[PDB]
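Peer 1: Before I ask anything, let me first share the structure, which is written out below as structure tokens.
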Amino acid sequence: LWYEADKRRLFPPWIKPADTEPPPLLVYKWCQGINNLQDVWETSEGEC
Amino acid sequence: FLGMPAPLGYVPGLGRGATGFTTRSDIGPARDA
Amino acid sequence: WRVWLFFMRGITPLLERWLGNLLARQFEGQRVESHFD
Amino acid sequence: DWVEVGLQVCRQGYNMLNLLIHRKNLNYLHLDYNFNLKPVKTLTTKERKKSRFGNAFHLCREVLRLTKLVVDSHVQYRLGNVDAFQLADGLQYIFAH
Amino acid sequence: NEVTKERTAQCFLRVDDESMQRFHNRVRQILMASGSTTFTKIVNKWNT
Amino acid sequence: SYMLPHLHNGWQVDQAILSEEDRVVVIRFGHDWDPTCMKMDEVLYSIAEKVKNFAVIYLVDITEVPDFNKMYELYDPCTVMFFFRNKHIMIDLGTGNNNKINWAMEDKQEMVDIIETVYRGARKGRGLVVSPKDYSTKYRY
RNA sequence: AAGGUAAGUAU
């Protein structure tokens, strides 16, 4: 089942663990994705 | 045997070859001469 | 002197009961959970 | 006289502690007159176990030792060995140490 | 930031309380189940 | 406590120790009402049948039978003592008192192990047996 | 203060 579900794209990337990122690397990638969003650390117009 | 009165004039320590023991001096009544 | 007297008034009962039950003719000598059953 | 009563009480406490020491007819523990308990010889391990006293006995021994120290200081003053000021300083040292 | 390649944020890491409690309980069950057990086995479990 | 056989005088204890020639006599000195004694007696009752082949368990009330209080120092709330062929057997429990077990044991397996070790050592002729568990610490963590 | 008693035959 897992071999077939990895052959096909049954599980989208947001399902963890994904066999490619250890949980510490998952945290690192999550923090990098947070920091890489468009103007994420901006509060000039009250966005939060 | 069970349910049998003790014979008169019998010391429970004697007749069996029992020997006491003292772990310390703070336990038990003082030895009487 | 008074400090050690104040200690003495408190420690006297302990020594008295330890002695009187020691040089007397007759000597005297996990249960919460294994209680109600 | 208070010094006489102190000497009497020191002697009586020594007698009582001596009676407690030779409780089980064991004569390999000796109590001196300064109330120090020491074996009379190199006692064997079984005899060392057989001659054990609880914290209460040693507490009584040490309090009688303190009384002996006080009474001996007063006796030394009464004989003439030490001055009254020396006696007061000695009592202060006894109760501070 | 992967686009500007500049310092933008700062991530502070810390061990969660649950992880610390889990480690403490693991050490406790190592210790308490060590009555008739060799020293080498206890040290191996602690090291692991 | 109320299931194990009871010895009512010093002579009965003497005969109980003397009677058994191939089994270790396990005697609990204490009181039925003592909570420590109730725990010890319920453990003994739990293992009473399993050790039938190599052990016999009796209960002695020290208030009713103060005959052995002086010699055996039966002044703790509970006491368990082992005899073999009319000979008191000591156990290196690690508690400093090898002559008796003077506390209540929870696990029923540990008492079986102690009785088994006592039986082995006594049948080998020993007067002291080293217990499989060291009781210098309650292993509480 | 302890948790540091080898046990066993023999008088």
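Chain labels run A, B, ... following the order of the structure tokens; each chain numbers its residues from 1, and ligands are numbered from 1 in the order shown.
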Residue F:92: which residues within 10 Å, counting only C-alpha atoms (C1' of nucleotides), same-chain residues fewer than 2 positions away excluded, as a list in words?
Peer 2: residues 90, 94, 95, 96, 97, 98, 99, 100, 128, 129, 130, 131, 132, 133, 134 and 135 of chain F; 5 of chain G
Peer 1: Next, write the just-selected residues to a file, as a PDB file, in the first residue's frame, keeping C-alpha atoms (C1' of nucleotides) as the atom set.
Peer 2:
ATOM      1  CA  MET F  90      19.479 -16.146  58.839  1.00  0.00           C
ATOM      2  CA  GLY F  94      21.006  -6.216  53.326  1.00  0.00           C
ATOM      3  CA  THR F  95      18.892  -4.528  56.010  1.00  0.00           C
ATOM      4  CA  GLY F  96      21.463  -5.063  58.771  1.00  0.00           C
ATOM      5  CA  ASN F  97      19.246  -7.577  60.604  1.00  0.00           C
ATOM      6  CA  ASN F  98      19.885 -11.027  59.144  1.00  0.00           C
ATOM      7  CA  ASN F  99      17.843 -12.851  61.794  1.00  0.00           C
ATOM      8  CA  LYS F 100      14.357 -11.929  60.558  1.00  0.00           C
ATOM      9  CA  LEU F 128      22.928 -18.127  56.410  1.00  0.00           C
ATOM     10  CA  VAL F 129      21.408 -17.653  52.954  1.00  0.00           C
ATOM     11  CA  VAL F 130      21.953 -14.622  50.724  1.00  0.00           C
ATOM     12  CA  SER F 131      18.604 -13.351  49.482  1.00  0.00           C
ATOM     13  CA  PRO F 132      18.158 -12.895  45.711  1.00  0.00           C
ATOM     14  CA  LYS F 133      17.107  -9.269  46.337  1.00  0.00           C
ATOM     15  CA  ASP F 134      19.077  -6.700  48.334  1.00  0.00           C
ATOM     16  CA  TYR F 135      16.691  -4.839  50.647  1.00  0.00           C
TER      17      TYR F 135
ATOM     18  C1'   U G   5      27.135 -10.212  61.786  1.00  0.00           C
TER      19        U G   5
END
Peer 1: Do a neighbour search on residue A:38 at 12 Å with only C-alpha atoms (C1' of nucleotides), toss out local chain neighbours closer than 5 positions, and write the hits as a VMD selection string.
Peer 2: (chain A and resid 33) or (chain E and resid 1 to 4)
Peer 1: Return as number ranges by chain the residues belonging to chain F that are within 7 Å of chain E, counting only C-alpha atoms.
Peer 2: F: 133, 139-141
Peer 1: Compute the chain D side of the contact with chain F at 12 Å, counting only C-alpha atoms, and hand it back as a list in words.
Peer 2: residues 24, 46, 49, 50 and 52 of chain D
Peer 1: Using the selection just defined, write its residues with N, CA, C and O atoms as a JSON list (two decimals), in the first residue's frame.
Peer 2:
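Output file part.json is given in full below:
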[["chain", "number", "residue", "atom", "x", "y", "z"],
["D", 24, "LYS", "N", 23.23, -5.42, 78.12],
["D", 24, "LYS", "CA", 23.21, -6.83, 77.76],
["D", 24, "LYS", "C", 24.45, -7.56, 78.26],
["D", 24, "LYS", "O", 24.88, -8.55, 77.65],
["D", 46, "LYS", "N", 31.08, -8.56, 64.83],
["D", 46, "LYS", "CA", 29.87, -9.01, 65.52],
["D", 46, "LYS", "C", 29.65, -8.24, 66.81],
["D", 46, "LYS", "O", 28.53, -7.85, 67.13],
["D", 49, "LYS", "N", 28.46, -4.75, 66.01],
["D", 49, "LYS", "CA", 27.03, -4.75, 65.76],
["D", 49, "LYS", "C", 26.24, -4.90, 67.06],
["D", 49, "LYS", "O", 25.23, -4.22, 67.26],
["D", 50, "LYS", "N", 26.69, -5.77, 67.95],
["D", 50, "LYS", "CA", 25.99, -6.06, 69.20],
["D", 50, "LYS", "C", 26.03, -4.91, 70.19],
["D", 50, "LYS", "O", 25.28, -4.94, 71.17],
["D", 52, "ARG", "N", 25.42, -1.50, 69.56],
["D", 52, "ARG", "CA", 24.87, -0.33, 68.89],
["D", 52, "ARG", "C", 23.81, 0.33, 69.76],
["D", 52, "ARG", "O", 22.99, -0.35, 70.39]]
Peer 1: Report the residues of chain A whose backbone DSSP state falls under alpha helix (DSSP H), written as a list in words.
Peer 2: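 Those in chain A that DSSP calls alpha helix (DSSP H) are residues 2, 3, 4, 5, 6, 7, 23, 24, 25, 26, 27, 28, 29, 30, 31, 32, 33, 34 and 35 of chain A.
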Peer 1: Please produce a file of those selected residues containing N, CA and C atoms, as an mmCIF file, in the first residue's frame.
Peer 2:
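Full text of result-v2.cif as output:
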data_model
loop_
_atom_site.group_PDB
_atom_site.id
_atom_site.type_symbol
_atom_site.label_atom_id
_atom_site.label_comp_id
_atom_site.auth_asym_id
_atom_site.auth_seq_id
_atom_site.Cartn_x
_atom_site.Cartn_y
_atom_site.Cartn_z
ATOM 1 N N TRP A 2 1.914 1.276 0.816
ATOM 2 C CA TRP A 2 2.759 2.465 0.859
ATOM 3 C C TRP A 2 3.561 2.622 -0.425
ATOM 4 N N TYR A 3 4.040 1.515 -0.997
ATOM 5 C CA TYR A 3 4.760 1.607 -2.262
ATOM 6 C C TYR A 3 3.858 2.132 -3.370
ATOM 7 N N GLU A 4 2.608 1.670 -3.417
ATOM 8 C CA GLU A 4 1.685 2.146 -4.443
ATOM 9 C C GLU A 4 1.289 3.598 -4.201
ATOM 10 N N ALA A 5 1.036 3.962 -2.943
ATOM 11 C CA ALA A 5 0.657 5.328 -2.610
ATOM 12 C C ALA A 5 1.808 6.308 -2.775
ATOM 13 N N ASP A 6 3.046 5.819 -2.849
ATOM 14 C CA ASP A 6 4.170 6.684 -3.177
ATOM 15 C C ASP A 6 4.457 6.705 -4.671
ATOM 16 N N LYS A 7 4.207 5.594 -5.367
ATOM 17 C CA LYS A 7 4.273 5.553 -6.823
ATOM 18 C C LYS A 7 3.332 6.604 -7.392
ATOM 19 N N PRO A 23 11.964 14.949 11.663
ATOM 20 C CA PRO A 23 11.112 15.936 12.345
ATOM 21 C C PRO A 23 11.853 17.222 12.682
ATOM 22 N N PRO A 24 13.128 17.169 13.104
ATOM 23 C CA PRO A 24 13.871 18.438 13.217
ATOM 24 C C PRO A 24 14.010 19.172 11.895
ATOM 25 N N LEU A 25 14.277 18.445 10.807
ATOM 26 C CA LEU A 25 14.310 19.086 9.498
ATOM 27 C C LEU A 25 12.925 19.563 9.091
ATOM 28 N N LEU A 26 11.877 18.868 9.535
ATOM 29 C CA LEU A 26 10.524 19.361 9.310
ATOM 30 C C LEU A 26 10.315 20.710 9.984
ATOM 31 N N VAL A 27 10.782 20.851 11.227
ATOM 32 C CA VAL A 27 10.668 22.128 11.928
ATOM 33 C C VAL A 27 11.468 23.204 11.207
ATOM 34 N N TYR A 28 12.679 22.863 10.763
ATOM 35 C CA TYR A 28 13.511 23.832 10.052
ATOM 36 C C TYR A 28 12.837 24.302 8.768
ATOM 37 N N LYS A 29 12.306 23.363 7.984
ATOM 38 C CA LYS A 29 11.646 23.721 6.734
ATOM 39 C C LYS A 29 10.378 24.520 6.990
ATOM 40 N N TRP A 30 9.651 24.196 8.061
ATOM 41 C CA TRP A 30 8.457 24.956 8.412
ATOM 42 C C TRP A 30 8.806 26.393 8.782
ATOM 43 N N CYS A 31 9.868 26.584 9.567
ATOM 44 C CA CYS A 31 10.294 27.937 9.916
ATOM 45 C C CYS A 31 10.770 28.705 8.689
ATOM 46 N N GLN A 32 11.511 28.041 7.801
ATOM 47 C CA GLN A 32 11.955 28.699 6.577
ATOM 48 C C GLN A 32 10.771 29.079 5.695
ATOM 49 N N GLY A 33 9.769 28.204 5.605
ATOM 50 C CA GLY A 33 8.573 28.535 4.848
ATOM 51 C C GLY A 33 7.807 29.693 5.453
ATOM 52 N N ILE A 34 7.773 29.771 6.785
ATOM 53 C CA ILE A 34 7.178 30.930 7.445
ATOM 54 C C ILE A 34 7.918 32.198 7.044
ATOM 55 N N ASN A 35 9.247 32.177 7.162
ATOM 56 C CA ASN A 35 10.045 33.366 6.888
ATOM 57 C C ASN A 35 10.029 33.760 5.417
#
Peer 1: Applying 10 Å and only C-alpha atoms (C1' of nucleotides), which residues near stretch 17-21 of chain C remain after dropping the ones on its own chain fewer than 3 positions away? List them as number ranges by chain.
Peer 2: B: 26, 28-29; C: 12-14, 24-29; D: 16, 20, 56-57, 60
Peer 1: Residues as selected, C-alpha atoms, written as an mmCIF file, in the first residue's frame, can you do that?
Peer 2:
data_model
loop_
_atom_site.group_PDB
_atom_site.id
_atom_site.type_symbol
_atom_site.label_atom_id
_atom_site.label_comp_id
_atom_site.auth_asym_id
_atom_site.auth_seq_id
_atom_site.Cartn_x
_atom_site.Cartn_y
_atom_site.Cartn_z
ATOM 1 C CA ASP B 26 18.735 -0.590 72.619
ATOM 2 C CA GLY B 28 14.804 -5.757 74.662
ATOM 3 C CA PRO B 29 14.849 -5.741 78.457
ATOM 4 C CA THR C 12 13.359 16.386 77.860
ATOM 5 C CA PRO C 13 10.164 14.425 76.961
ATOM 6 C CA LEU C 14 11.953 12.463 74.230
ATOM 7 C CA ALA C 24 11.868 -0.828 82.534
ATOM 8 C CA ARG C 25 11.056 -4.462 83.242
ATOM 9 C CA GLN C 26 8.869 -4.726 80.118
ATOM 10 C CA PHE C 27 10.099 -3.406 76.771
ATOM 11 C CA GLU C 28 7.780 -1.974 74.119
ATOM 12 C CA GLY C 29 8.386 -1.571 70.397
ATOM 13 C CA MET D 16 22.918 5.908 84.565
ATOM 14 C CA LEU D 20 22.670 1.655 79.996
ATOM 15 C CA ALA D 56 18.618 8.934 71.621
ATOM 16 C CA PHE D 57 21.384 7.352 73.705
ATOM 17 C CA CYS D 60 21.626 11.852 76.167
#
Peer 1: Mind listing as a PyMOL selection string which residues of chain G are within 10 Å of chain D, counting only C-alpha atoms (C1' of nucleotides)?
Peer 2: chain G and resi 1-2+4-5
Peer 1: For the selection you just gave me, I'd like the residues written to a file as a PDB file, in the first residue's frame, keeping N, CA and C atoms (P, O5', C5', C4', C3', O3' and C1' of nucleotides).
Peer 2:
ATOM      1  P     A G   1      26.699   9.114  64.358  1.00  0.00           P
ATOM      2  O5'   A G   1      26.364   7.589  64.675  1.00  0.00           O
ATOM      3  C5'   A G   1      26.132   7.155  66.007  1.00  0.00           C
ATOM      4  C4'   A G   1      25.004   6.157  66.069  1.00  0.00           C
ATOM      5  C3'   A G   1      25.127   4.961  65.141  1.00  0.00           C
ATOM      6  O3'   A G   1      25.960   3.939  65.661  1.00  0.00           O
ATOM      7  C1'   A G   1      22.971   5.887  64.931  1.00  0.00           C
ATOM      8  P     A G   2      26.887   3.079  64.672  1.00  0.00           P
ATOM      9  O5'   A G   2      26.067   3.065  63.309  1.00  0.00           O
ATOM     10  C5'   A G   2      26.096   1.940  62.447  1.00  0.00           C
ATOM     11  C4'   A G   2      24.703   1.446  62.153  1.00  0.00           C
ATOM     12  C3'   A G   2      24.519   0.723  60.831  1.00  0.00           C
ATOM     13  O3'   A G   2      24.923  -0.632  60.878  1.00  0.00           O
ATOM     14  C1'   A G   2      22.821   2.332  61.075  1.00  0.00           C
ATOM     15  P     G G   4      24.234  -4.235  55.145  1.00  0.00           P
ATOM     16  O5'   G G   4      25.220  -4.411  56.382  1.00  0.00           O
ATOM     17  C5'   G G   4      26.373  -3.590  56.513  1.00  0.00           C
ATOM     18  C4'   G G   4      27.634  -4.414  56.531  1.00  0.00           C
ATOM     19  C3'   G G   4      27.968  -5.071  57.867  1.00  0.00           C
ATOM     20  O3'   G G   4      28.642  -6.304  57.622  1.00  0.00           O
ATOM     21  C1'   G G   4      29.719  -3.627  57.244  1.00  0.00           C
ATOM     22  P     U G   5      27.820  -7.681  57.524  1.00  0.00           P
ATOM     23  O5'   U G   5      27.820  -8.225  59.017  1.00  0.00           O
ATOM     24  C5'   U G   5      28.965  -8.057  59.842  1.00  0.00           C
ATOM     25  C4'   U G   5      29.007  -9.064  60.963  1.00  0.00           C
ATOM     26  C3'   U G   5      29.107 -10.521  60.525  1.00  0.00           C
ATOM     27  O3'   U G   5      29.878 -11.241  61.483  1.00  0.00           O
ATOM     28  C1'   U G   5      27.135 -10.212  61.786  1.00  0.00           C
TER      29        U G   5
END
Peer 1: Would you give me, as JSON lines, each residue of chain B having an atom within 12 Å of an atom of chain D, along with its shortest atom pair and that distance in Å to one decimal, using only C-alpha atoms and sorting by chain and residue number?
Peer 2:
{"residue": "B:21", "atom": "CA", "partner": "D:50", "partner_atom": "CA", "distance": 9.0}
{"residue": "B:22", "atom": "CA", "partner": "D:50", "partner_atom": "CA", "distance": 6.1}
{"residue": "B:23", "atom": "CA", "partner": "D:50", "partner_atom": "CA", "distance": 5.5}
{"residue": "B:24", "atom": "CA", "partner": "D:50", "partner_atom": "CA", "distance": 4.7}
{"residue": "B:25", "atom": "CA", "partner": "D:51", "partner_atom": "CA", "distance": 5.8}
{"residue": "B:26", "atom": "CA", "partner": "D:53", "partner_atom": "CA", "distance": 5.5}
{"residue": "B:27", "atom": "CA", "partner": "D:53", "partner_atom": "CA", "distance": 9.0}
{"residue": "B:28", "atom": "CA", "partner": "D:24", "partner_atom": "CA", "distance": 9.0}
{"residue": "B:29", "atom": "CA", "partner": "D:23", "partner_atom": "CA", "distance": 8.2}
{"residue": "B:30", "atom": "CA", "partner": "D:23", "partner_atom": "CA", "distance": 5.0}
{"residue": "B:31", "atom": "CA", "partner": "D:24", "partner_atom": "CA", "distance": 5.1}
{"residue": "B:32", "atom": "CA", "partner": "D:24", "partner_atom": "CA", "distance": 8.5}
{"residue": "B:33", "atom": "CA", "partner": "D:25", "partner_atom": "CA", "distance": 9.0}
Peer 1: Neighbours of stretch 13-30 of chain F within 7 Å (only C-alpha atoms (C1' of nucleotides); same-chain residues fewer than 4 positions away dropped), as a list in words?
Peer 2: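 The residues satisfying every condition are residues 1, 12 and 16 of chain B; 7, 9, 37, 54, 55, 56, 57, 58, 59, 60, 61, 62, 74, 77, 78, 79, 80, 81, 82, 83, 84, 85, 86 and 119 of chain F.
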Peer 1: Would you mind exporting N, CA and C atoms of the selected residues as a CSV table (one decimal), in the first residue's frame?
Peer 2:
chain,number,residue,atom,x,y,z
B,1,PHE,N,1.0,-30.8,69.3
B,1,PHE,CA,0.1,-30.7,68.2
B,1,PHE,C,-0.8,-29.5,68.4
B,12,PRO,N,9.5,-22.5,77.0
B,12,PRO,CA,9.5,-22.6,75.5
B,12,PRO,C,10.9,-22.5,74.9
B,16,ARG,N,14.3,-27.3,73.1
B,16,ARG,CA,14.4,-27.1,71.7
B,16,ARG,C,15.8,-26.7,71.2
F,7,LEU,N,-0.7,-20.6,66.1
F,7,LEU,CA,-0.1,-21.3,67.3
F,7,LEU,C,-0.4,-20.5,68.5
F,9,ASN,N,0.5,-21.1,72.0
F,9,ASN,CA,1.4,-21.0,73.2
F,9,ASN,C,2.8,-21.4,72.7
F,37,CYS,N,1.2,-6.4,59.7
F,37,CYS,CA,0.9,-7.8,59.8
F,37,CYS,C,-0.2,-8.3,58.9
F,54,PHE,N,7.5,-27.3,50.1
F,54,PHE,CA,8.8,-27.1,50.8
F,54,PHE,C,8.7,-26.0,51.8
F,55,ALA,N,7.5,-25.7,52.4
F,55,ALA,CA,7.3,-24.7,53.4
F,55,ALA,C,6.0,-24.9,54.1
F,56,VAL,N,6.0,-24.6,55.4
F,56,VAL,CA,4.7,-24.6,56.2
F,56,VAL,C,4.7,-23.2,56.9
F,57,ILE,N,3.6,-22.6,56.9
F,57,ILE,CA,3.4,-21.2,57.4
F,57,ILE,C,2.5,-21.2,58.6
F,58,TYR,N,3.0,-20.7,59.7
F,58,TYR,CA,2.2,-20.6,60.9
F,58,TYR,C,2.2,-19.1,61.4
F,59,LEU,N,1.2,-18.7,62.2
F,59,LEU,CA,1.0,-17.4,62.7
F,59,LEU,C,1.0,-17.5,64.2
F,60,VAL,N,1.8,-16.6,64.9
F,60,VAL,CA,1.9,-16.6,66.3
F,60,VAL,C,1.6,-15.2,66.8
F,61,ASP,N,0.8,-15.1,67.8
F,61,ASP,CA,0.4,-13.8,68.4
F,61,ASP,C,1.4,-13.5,69.5
F,62,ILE,N,2.2,-12.5,69.4
F,62,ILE,CA,3.2,-12.2,70.4
F,62,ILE,C,2.6,-11.8,71.7
F,74,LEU,N,11.4,-9.9,69.3
F,74,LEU,CA,10.1,-9.7,68.6
F,74,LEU,C,9.4,-8.5,69.1
F,77,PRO,N,6.6,-4.3,64.7
F,77,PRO,CA,5.2,-4.6,64.4
F,77,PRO,C,5.0,-5.9,63.8
F,78,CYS,N,5.8,-6.3,62.8
F,78,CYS,CA,5.7,-7.6,62.1
F,78,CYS,C,7.1,-8.2,62.1
F,79,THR,N,7.1,-9.6,62.1
F,79,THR,CA,8.3,-10.3,62.0
F,79,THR,C,8.1,-11.6,61.3
F,80,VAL,N,8.9,-12.0,60.3
F,80,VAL,CA,8.8,-13.3,59.7
F,80,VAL,C,10.2,-14.0,59.9
F,81,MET,N,10.1,-15.2,60.4
F,81,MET,CA,11.3,-16.0,60.7
F,81,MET,C,11.2,-17.4,60.2
F,82,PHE,N,12.4,-17.9,59.7
F,82,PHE,CA,12.5,-19.2,59.1
F,82,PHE,C,13.3,-20.2,59.9
F,83,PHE,N,12.8,-21.4,60.1
F,83,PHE,CA,13.4,-22.4,60.8
F,83,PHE,C,13.5,-23.7,59.9
F,84,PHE,N,14.6,-24.5,60.1
F,84,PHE,CA,14.8,-25.7,59.3
F,84,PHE,C,15.4,-26.7,60.2
F,85,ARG,N,14.7,-27.9,60.4
F,85,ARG,CA,15.2,-29.0,61.2
F,85,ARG,C,15.6,-28.5,62.6
F,86,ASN,N,14.7,-27.6,63.2
F,86,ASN,CA,14.9,-27.0,64.5
F,86,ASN,C,16.2,-26.2,64.5
F,119,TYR,N,15.2,-22.6,51.8
F,119,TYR,CA,15.1,-24.1,51.7
F,119,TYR,C,16.4,-24.7,51.1
Peer 1: Set the cut-off to 9 Å and count only C-alpha atoms: what are the residues of chain C that reach chain D? Output as an mmCIF file with C-alpha atoms, in the first residue's frame.
Peer 2:
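The resulting file, result.cif, is shown below:
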data_model
loop_
_atom_site.group_PDB
_atom_site.id
_atom_site.type_symbol
_atom_site.label_atom_id
_atom_site.label_comp_id
_atom_site.auth_asym_id
_atom_site.auth_seq_id
_atom_site.Cartn_x
_atom_site.Cartn_y
_atom_site.Cartn_z
ATOM 1 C CA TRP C 1 22.563 29.503 78.105
ATOM 2 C CA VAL C 3 18.920 29.015 74.064
ATOM 3 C CA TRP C 4 20.171 25.639 75.259
ATOM 4 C CA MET C 8 16.306 21.329 76.862
ATOM 5 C CA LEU C 14 11.953 12.463 74.230
ATOM 6 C CA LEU C 15 14.802 11.350 76.479
ATOM 7 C CA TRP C 18 13.107 6.714 75.582
ATOM 8 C CA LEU C 19 14.701 5.909 78.946
ATOM 9 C CA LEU C 22 14.238 1.145 78.043
ATOM 10 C CA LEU C 23 15.350 0.426 81.623
#
Peer 1: Run DSSP on the backbone and tell me which residues of chain D come out as strand (DSSP E or B); list them as an mmCIF file with N, CA, C and O atoms, in the first residue's frame.
Peer 2:
data_model
loop_
_atom_site.group_PDB
_atom_site.id
_atom_site.type_symbol
_atom_site.label_atom_id
_atom_site.label_comp_id
_atom_site.auth_asym_id
_atom_site.auth_seq_id
_atom_site.Cartn_x
_atom_site.Cartn_y
_atom_site.Cartn_z
ATOM 1 N N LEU D 29 32.513 -1.797 75.798
ATOM 2 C CA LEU D 29 32.305 -0.373 75.563
ATOM 3 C C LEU D 29 32.513 0.352 76.883
ATOM 4 O O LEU D 29 31.867 0.019 77.881
ATOM 5 N N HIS D 30 33.408 1.335 76.890
ATOM 6 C CA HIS D 30 33.767 2.074 78.088
ATOM 7 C C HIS D 30 33.366 3.530 77.918
ATOM 8 O O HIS D 30 33.657 4.148 76.885
ATOM 9 N N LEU D 31 32.692 4.063 78.930
ATOM 10 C CA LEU D 31 32.309 5.464 78.993
ATOM 11 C C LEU D 31 33.216 6.156 79.999
ATOM 12 O O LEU D 31 33.220 5.800 81.182
ATOM 13 N N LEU D 37 32.364 7.721 74.527
ATOM 14 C CA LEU D 37 32.156 6.281 74.455
ATOM 15 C C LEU D 37 33.185 5.682 73.506
ATOM 16 O O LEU D 37 33.249 6.067 72.334
ATOM 17 N N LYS D 38 33.987 4.749 74.007
ATOM 18 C CA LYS D 38 35.035 4.152 73.195
ATOM 19 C C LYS D 38 35.163 2.673 73.518
ATOM 20 O O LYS D 38 34.931 2.264 74.660
ATOM 21 N N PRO D 39 35.522 1.849 72.537
ATOM 22 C CA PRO D 39 35.760 0.431 72.831
ATOM 23 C C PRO D 39 37.010 0.253 73.677
ATOM 24 O O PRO D 39 37.990 0.987 73.533
#
